[PDB]
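Below are the chains, spelled out letter by letter.
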Amino acid sequence: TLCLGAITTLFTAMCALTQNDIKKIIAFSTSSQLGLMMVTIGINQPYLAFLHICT
Amino acid sequence: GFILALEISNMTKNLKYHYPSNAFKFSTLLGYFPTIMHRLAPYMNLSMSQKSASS
Amino acid sequence: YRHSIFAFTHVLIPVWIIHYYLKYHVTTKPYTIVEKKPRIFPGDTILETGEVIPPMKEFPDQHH
Amino acid sequence: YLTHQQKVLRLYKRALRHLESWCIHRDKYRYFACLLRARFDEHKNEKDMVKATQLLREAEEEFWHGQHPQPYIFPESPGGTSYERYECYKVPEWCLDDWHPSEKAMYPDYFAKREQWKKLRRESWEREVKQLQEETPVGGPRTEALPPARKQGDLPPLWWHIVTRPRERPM
Amino acid sequence: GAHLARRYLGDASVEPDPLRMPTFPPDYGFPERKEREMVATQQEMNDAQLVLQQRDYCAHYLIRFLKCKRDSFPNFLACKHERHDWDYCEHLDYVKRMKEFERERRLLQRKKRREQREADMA
Amino acid sequence: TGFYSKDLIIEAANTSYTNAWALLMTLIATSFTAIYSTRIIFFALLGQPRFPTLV
Amino acid sequence: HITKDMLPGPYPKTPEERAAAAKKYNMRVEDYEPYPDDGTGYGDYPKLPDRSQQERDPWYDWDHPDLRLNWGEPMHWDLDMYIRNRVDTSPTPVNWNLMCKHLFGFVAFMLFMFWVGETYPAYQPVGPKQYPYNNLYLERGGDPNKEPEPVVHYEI
Amino acid sequence: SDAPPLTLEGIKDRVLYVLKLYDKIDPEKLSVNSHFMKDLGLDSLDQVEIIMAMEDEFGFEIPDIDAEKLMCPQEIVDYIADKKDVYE
Amino acid sequence: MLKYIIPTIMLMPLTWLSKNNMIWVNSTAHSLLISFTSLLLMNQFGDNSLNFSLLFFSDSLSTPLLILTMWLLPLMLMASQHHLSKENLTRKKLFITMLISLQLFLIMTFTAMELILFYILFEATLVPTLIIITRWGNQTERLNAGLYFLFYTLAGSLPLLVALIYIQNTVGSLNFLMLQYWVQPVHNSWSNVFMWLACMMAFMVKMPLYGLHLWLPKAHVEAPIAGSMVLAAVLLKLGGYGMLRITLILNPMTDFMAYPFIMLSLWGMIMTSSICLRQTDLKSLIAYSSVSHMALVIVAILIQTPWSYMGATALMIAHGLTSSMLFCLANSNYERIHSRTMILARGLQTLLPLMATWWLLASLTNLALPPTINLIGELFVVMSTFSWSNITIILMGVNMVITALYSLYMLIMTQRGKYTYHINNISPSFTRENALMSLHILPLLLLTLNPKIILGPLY
Amino acid sequence: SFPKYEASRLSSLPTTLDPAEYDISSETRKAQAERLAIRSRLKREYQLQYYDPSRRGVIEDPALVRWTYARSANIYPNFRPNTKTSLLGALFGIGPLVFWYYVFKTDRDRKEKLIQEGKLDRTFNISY
Amino acid sequence: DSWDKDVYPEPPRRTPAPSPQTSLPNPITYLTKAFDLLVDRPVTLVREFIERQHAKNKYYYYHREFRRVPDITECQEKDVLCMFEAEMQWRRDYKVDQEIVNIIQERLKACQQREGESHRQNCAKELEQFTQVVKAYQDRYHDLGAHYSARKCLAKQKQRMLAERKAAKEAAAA
Ligand SMILES: CCCCCCCCCCCC(=O)OC[C@H](COP(=O)(O)OCC[N+](C)(C)C)OC(=O)CCCCCCCCCCC
Ligand SMILES: *C(=O)CCCCCCCCCCCCC
Ligand SMILES: [Zn+2]
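The scheme used for residues numbers each chain from 1 in its written sequence order. That scheme is not guaranteed to match the entry numbering, and residues without coordinates are omitted from view. To label them, take the chains in the order written and letter them from A, then take the ligands in the order written and number them from 1. Note: displayed chains form a subset of a larger assembly, with all reported quantities computed for the displayed subset only. Water and hydrogen atoms were dropped before computing side-chain values, which therefore reflect all heavy atoms in the structure.

K.L.:
Could you clarify how one ought to interpret the interface of chain J and chain G in this entry?
P.N.:
Often, the extent of an interface is quoted as the loss of accessible area on bringing the components together. At the junction of the two partners, chain J supplies 39 residues and chain G supplies 45 residues. Together, the buried faces of chain J and chain G total about 3900 Å²; carbon and sulfur atoms form 54% of this surface. By definition, the buried area sums, over both parts, the 1.4 Å-probe accessible area that each loses when the two are put together. Considering only the surface of chain J that becomes buried against chain G, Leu 10, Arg 66 and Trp 67 of chain J emerge as the three largest contributors, covering 17% of it. Any carboxyl oxygen of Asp or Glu that lies within 4 Å of a side-chain nitrogen of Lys or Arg is treated as forming a salt bridge with it. Our count for the chain J to chain G interface comes out at five salt bridges. Taking the shortest distance from any N to any O, the salt bridge between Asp 63 of chain G and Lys 43 of chain J comes out at 3.0 Å. The definition of a polar contact used here is a pair of N or O atoms within 3.5 Å, where within protein one atom must be able to donate a hydrogen and the other to accept one, and adjacent residues in sequence count solely through side-chain atom pairs. Here chain J and chain G share 18 residue pairs in polar contact between them. In DSSP terms, a helix is any run of H or I states spanning at least four residues, a strand is any run of E spanning at least two, and both are numbered starting from the N terminus. Elements supplying a minimum of two residues to the side of chain J that touches chain G: helix 1 (26-51), helix 2 (62-72) and helix 3 (83-116) of chain J. Nonpolar residues are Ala, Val, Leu, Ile, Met, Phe, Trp, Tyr, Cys and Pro. Charged residues are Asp, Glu, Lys and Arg, and all others, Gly as well, are polar. When its residues are assigned to classes, the side of chain J that touches chain G shows 18 nonpolar, seven polar and 14 charged. Any two residues whose heavy atoms approach within 4.5 Å at even a single point are treated as in contact.

K.L.:
Would you mind showing me how to read the site of ligand 1 here?
P.N.:
Near is defined per residue: the residue qualifies when any heavy atom it owns lies within 4 Å of the molecule or strand. Residues in close proximity to ligand 1 include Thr 18 of chain A, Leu 4, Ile 8, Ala 23, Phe 24 and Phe 26 of chain B, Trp 22 of chain D together with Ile 28, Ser 31, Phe 32 and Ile 35 of chain F, which together make up its full environment. For ligand 1, whose accessible area on its own is 980 Å², the fraction buried by protein is 59%. Looking at the shell around ligand 1, the elements that each hand over two or more residues are helix 1 (2-11) and helix 2 (22-28) of chain B together with helix 2 (20-44) of chain F. The dominant element in the shell around ligand 1, judged by the number of residues it contributes, is helix 2 of chain F, at four residues. In the shell around ligand 1, the residues fall into nine nonpolar, two polar and no charged. Throughout, the Shrake-Rupley method with a 1.4 Å probe supplies accessible areas, and for residues the shown protein chains are the sole cover considered.

K.L.:
I'm lost on the site of ligand 2 in this one. Help?
P.N.:
Around ligand 2, a shell composed of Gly 1 and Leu 4 of chain E, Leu 27 of chain F together with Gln 124 of chain G is seen. One finds residues of chains E, F and G in close proximity to ligand 2. In this structure, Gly 1 of chain E approaches ligand 2 through a main-chain N or O atom, which is 2.3 Å from an oxygen atom. When ligand 2 sits alone it has 470 Å² of accessible area, and the protein chains cover 32% of it. Split into classes, the residues belonging to the shell around ligand 2 amount to two nonpolar, two polar and no charged.

K.L.:
Where do I start with the interface of chain K and chain C in this structure?
P.N.:
Between chain K and chain C, the contact holds 29 residues from the first and 26 residues from the second. With both sides pooled, the region where chain K packs onto chain C buries about 2600 Å², and carbon together with sulfur makes up 63% of that total. Three residues stand out in chain K for area buried against chain C, namely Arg 14, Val 43 and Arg 47 of chain K, and they jointly supply 23% of the buried area on that side. Joining chain K to chain C, the criterion identifies three salt bridges. With a closest N to O distance of 3.3 Å, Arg 14 of chain K and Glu 51 of chain C form a salt bridge. Our count for the chain K to chain C interface comes out at seven residue pairs in polar contact. Residue assignment for the side of chain K that touches chain C shows that the elements contributing at least two residues are helix 1 (27-38), helix 2 (40-56) and helix 3 (80-115) of chain K.

This is the structure in structure tokens:
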């Protein structure tokens, strides 16, 4: 889960560095943030992932 | 990252030319994942589904 | 008036049905509603039996 | 088939758009659009027809190598974000022949007016058929586009759907 | 981390393995090693329903803080003082588990000197 | 809102028995968050309006 | 109610047959290319180019705008696979070979680095954090009978 | 959509207002009926820029199969009118 | 069971003695009353079945298949009123007679306590089914469809006849209740291998099993609407009901004899689901969907676990309502455009707003959206096959992906997109058409609330 | 120069970068003009019926009928059992069936031993 | 009472007496007081009226008791009359056992929620009962198959006993 999230938080963010459509840019932002949550679950901090979900 | 964003952002204002690179096209087209998988797997699956499975 | 009706037909009526349903059909069967027992602490009195839990030992604490 | 004139004109249309996407800023677009405009002027006087083609096949190749990987698209064009976004609202017009009277009476003016067009088409159709068959080679039609109204009163043949196509923004 | 470079790019038998922390003999080496006291022995910890991991040593600090929260409600801004007390106790507990890192690290650089002294004695 | 969840994750991620490469991806991604976020602000709030006349 | 003279048929093996087949399918006799007579059952059905319907002039006035076909136009053997909701074959800005090399390379290196970063973790200097009562033996589901070997942690 | 419908008079006014900042067409000579090859003698490639100017003014982009056929500022109103269902 | 047999026979005099203009009204009304009375079969006990007499009995496996059967007859009469509109009265009353005679054989088949009585009525359904296909089919291929539907079934039914009689001479009785107490284990000898195949291949052909399915795309596609509804809703379940019974007397030989038929089903499940992705005929696409769905029933029956049997029963009932509904939806389009090509009429959601809602609800159940009984039955089979072999999750997961692809592809190629310009005769949905769909889906959705009545004898 | 575009079945050759449109041959123009003839003759037939107000129903499209007929009904009478068809059928039909048999058969034999011996964990397994 | 307390045991509750420290009020207490005024009391009246009507015409439904019958082990071979009653009783006992397991599972899940974070220690006897009964349940009813019956259950039992006795017999020879 750590590695799966780590690549996702990077690859999708990289795709957002050159994207034009506003919704696409915010779409890839969600994917990167979702990857950040997966990293949290991969380090044994489930409540921080939940905390990041609500915020 | 913020500073590099503005500094790179202002560089676009300069009247210099641009060189289409490989990383830029790699980031622009979502890393090519939604151009091979979304065009190869449908071709492999929908061609086998007709020439082999049915005909 | 619009909210008074809404708070009546959509909150007061449904909560009456649910409370009646929970209090006389759900809670009358075992383990349908299970409550996590409350967190008890030293220096408190139990409302049901009057038991008192002795406070913790002295704290070898410091300042800052 | 396109003409050698059109192909150059098309490649000019694309180049500015793809050029515009790279520049973003309007001021930098003018500074670079003119230079691209300038380069066409160099060979604009070319009259070889064998080296103009040679450059054109290198003009398209030059465009392709440097084309934008995500050109801007106007949001109603074949590739935009609202292309066919309203095709679900573009109901045909023949569907109103199936309406119930209880709801057709809701618009007494509209359907009384409709019968005029059906008459204007039912009576006009035979004339429209005659006009097309008499302006066509014996073998058969050779191209698109149709003759317009020749005399007075007659409407152009094959006009009903062109005129009555659903409004592009039904709702 | 910084000592990681000392164990991956540099020497190996100097840093102590995080999963092989001191297997050296018992407290022997430090005269009069004591035992860390526990305040909430067995039942106090298993009455506030503390998380399985939270009740390490500062359970009494945590229990005191959780007492304030249940009482200060709805004054959630309150109890800030008690939280700092519990945090500070864990800060000391963190350094204590951090001393054992350097403690064993130096006990390794000392153990190699005797190993190298005997190796080069001849 | 976001600091109370996002930042707490990085602190826990950096100070955990984690995967070195995965940790680096998370930090690099966080920098990428500022770059594309600045892309939205710069290209839609600052500069001169590129939008059409009658709007 | 179409007779067996306007429907597909066997492979054409003479010049005269190919002409009639082209007329049957509404094609220019020079542009009519039967599928190879390999015995897989294609018959005399024209082998149209394997071009997606997305590769058609979106501005031309089609009889079927959604499908981009003209009434009476012979239909590709795989028209249902080349509709706009399915396999697309439009030219790409980057050649197909180049795209696969870059995508494969990115995924290959990323996985290798995760493996490298797995056998070389990145932790902080700490110890085996201590817990009381024989390492929470009674709290961690341990059997009250058969008490464990005394585990005790000292100050430092 | 909250966008006021385009009026027939509005389109034509906008068309000329576009063909009055070109610096290549005489403001006093161009009218609703003004060719680009037979009356005021404009460059063929200038039509492309003129067409591009209209598209950036109205949003929708004209195809490069009938845009070429439009060299008559009024005809640009004719085409734009029969692309937004403007009847008055 | 006479309380349901005699009313069913009396529908034939009703049709023939009714007014020339009231044949549809009377038959539809009284057939609905028979369906209503079938709810009394649910008096089921937890230890013993409901044993009526020496001939007939009804347990929790037969009861759901009986109620679906008697409920399907009214719906077949509504669906047939259109294309049997220019038909002369005598032939219209013969068409209804065949439908009634088919129900009569079906309810007796599902309650026959004797396995030779089961066989006779099992085969008796072929005669009216063949007559419906060949006499009231629209195409020239209906004549060839009947031959395929007839000789595929008889090629496997006749060996079953010999095997059943051989069992009686050995055990002494083919009464099902007796077999539950006198069943003996089957030894592993070549003679018993062919006794196993003879007792099973008669039902594999009707399920149908992959490989032995070529009759279904020909029979379900050329048959009239009423024929297709019964063909895919009940007559396929005749094979499933047969295995659930006759597998009692085939243990322990079913442990290894089932391997060839689990690979045909598990793999053939993927193949037929894939075929639906490229079908050019809407009716043919639905026919291949039945093959994919019935592949699960074969697997569940052949692994013989309490969860597999519970899933199989719910799957058979769930598929019966869904498959019949899809054929009815596809026929409403045909009654207007008079063409089975799927790509001929598109964007129908713009012309028939309500019929598109039925398409969505039909498609969702087809792809097993929870908590519909379509998912409950499929889920239980997946749970049981996982314990049978953990690797099967790969095959039954891939099938889920393909099932969603061709079900929503069917919903997108006809209802969404751009309406066909040259089709101008798409009239609004008749009350008959709308009510026909509501009767398929409402009971299908209602069974979710109380699904234990379709979970079979092992609930 | 630049790397010339290289085509593939999933990425066709762009019309612009194609040495087939620029050349203007005598046979090409009399051909490309001939294709637009039939392409317009058929449109005339459809255009007439599409507009005829005295017409309700569906315009039968012979091209559509021919397409579906060849996809379903004309395949078998044009099939010859040869090296390609036989080998393709054998490895597409029997291949997967035989492969999955040994995958499952091997697994179930493996599980059976661990259960007969007692070396498999079935402590809480009572639903099957 | 509604449900027997010896079947679904629940430890006696212990609600800690409130000991507020803050001067601010507790809105939960007000909502609690408001709830049992606009909801509980109006609802309690309706049940009491409905309760009175049910008391006017009380009628009783009894719990069916099944007389014991000879088990399959006492039935002659191919004696359907004796086998039938033996099989029916076995199926009834099978359904009762399927619900005994549900009772212990229900108790096990009840304990886990009640004890919160302390379930891994406080809920230890519930798991022990659950593990024992499932072992007993698995021994009698498992691997029988869809066509289970008393005969197959008996044969499985006689297989287990033979394995034990052979192990027990050869245990003494170790
Ligand atoms: C502490 C951790 C490090 C912190 C700093 C972050 C890393 C440094 C890079 C940030 C700057 C940046 O990627 O810039 C982003 C720029 C911005 O668009 P532009 O091209 O300038 O303008 C666009 C308009 N044009 C072209 C007309 C001028 O896009 C690029 O260059 C395109 C490629 C971006 C991804 C390249 C990195 C991915 C490598 C992995 C394999 C693909
Ligand atoms: C211990 O595990 C340290 C892990 C931290 C990794 C991020 C390193 C970033 C260093 C950037 C250079 C800053 C120098 C001041
Ligand atoms: Zn009809």
